[PDB]
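Following: one structure in structure tokens, then a few remarks.
Coordinate-derived values only; no laboratory data. Here the Cβ is made from the backbone with ideal geometry for all residues, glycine too, and neighbour counts use every protein chain on show.
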Amino acid sequence: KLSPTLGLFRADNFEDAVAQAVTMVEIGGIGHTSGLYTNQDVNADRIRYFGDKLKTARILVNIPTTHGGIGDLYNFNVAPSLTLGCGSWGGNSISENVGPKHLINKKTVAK
Amino acid sequence: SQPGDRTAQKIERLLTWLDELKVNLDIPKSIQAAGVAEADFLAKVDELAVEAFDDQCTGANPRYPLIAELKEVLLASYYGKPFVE
């Protein structure tokens, strides 16, 4: 939407929401980001059940997917939502942030 | 505060206290009374406020300000006006 608009879903259970989530991501065609809001040390099974199914680039739990909360940043150590590209579009193409080795050519000389 | 009070009662007592307390120490009550040309005040308060936003305030201020409210406060203080809404 890229605008101050949002649509919601009515999920049934944890697994219903997971299924809708996976189906929802694939539409983007790029696995970039996804978010879980839940209780955190009563449910670890849920944590990584969800982590197991989801293939975005990056999973955040109980966190907004942006930069700048109180003080330093929320979250305060993370690459920006931009800067995440891939050499393929196709599907499940998990974005990787860019680095100078992607911009630099190699040499080894053997003696 | 009176022993039987509500919060806002105590609050107005508080800042009244500071009001004529700072009266006691012989200070102007509007920044125009402090001796400032106000035409340029209005002219340049605009960017004054924008840098006033991000000047490390940031800031344990419990509430966000936005550029608008700063400007209201600045004009009210310059005229000694009570910033109230």
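Data table
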quantity	calculated
Overall form of region B:42-84 per C-alpha gyration tensor (a/c, 1.5; a/b vs b/c)	oblate
Value of [θ]222 nm, deg cm²/dmol, for chain B, DSSP H segments ≥ 4, -39500 (n - 2.57) each, nearest 500	-18500 deg cm²/dmol
Region A:16-62: C-alpha gyration tensor shape, a/c 1.5 cut-off, then a/b vs b/c	prolate
Set of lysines with alpha-carbon distance to residue B:10 below 25 Å, sequence-local pairs under 8 removed	B:22, B:29, B:81
Farthest toward positive dipole pole in chain B [+1 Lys/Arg, -1 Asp/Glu at C-beta], among B:56, B:33, B:21	B:21
Counted charge near residue B:29, where neighbours are those whose Cβ lies closer than 10 Å (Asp, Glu -1; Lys, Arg +1)	0
Charged-residue dipole, Cβ positions (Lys, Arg, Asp, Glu), region B:2-85 about Cα centre, Debye nearest 20	400
Highest-MSF residue in chain A out of A:80, A:64, A:100 [GNM, Cα springs under 10 Å]	A:100
Average projection area in nm² (convex hull over Cα atoms of chain A, one quarter of hull surface)	11.5
Taking chain A and dividing mean pair separation by its residue count, relative contact order in percent (alpha carbons under 8 Å, at least six apart)	26
Length-normalised contact order for region A:50-111 - Cα pairs under 8 Å, 6+ apart - percent	25
With Cα atoms, 0 to 90° folded angle of helix B:7-24 axis to chain B main axis	70
Amide H within-cut-off set for residue A:36, under 5 Å, with H built and near neighbours excluded	A:60, A:61, A:62, A:63
Relative contact order (%) - criterion: Cα under 8 Å, at least six apart; region: chain B	30
Alpha-carbon Rg with Dmax, taken over the protein assembly as shown, Å	27.6, 92
Simple Cβ-charge dipole of the protein assembly as shown, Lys/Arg +1 and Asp/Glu -1, about Cα centre, in debye nearest 20	1040
Intensity falloff of chain B expressed as log10 I(q)/I(0), Debye formula with alpha-carbon point scatterers, at q = 0.13 Å⁻¹	-0.59
Prolate/oblate/rounded call for region A:1-42, Cα gyration tensor, a/c under 1.5 rounded	prolate
Packing-based exposure ordering (other Cβ within 10 Å, fewest first) of A:50, B:41	B:41, A:50
Rounded to 10°, Cα long-axis angle of helix B:67-78 versus longest principal axis of chain B	70
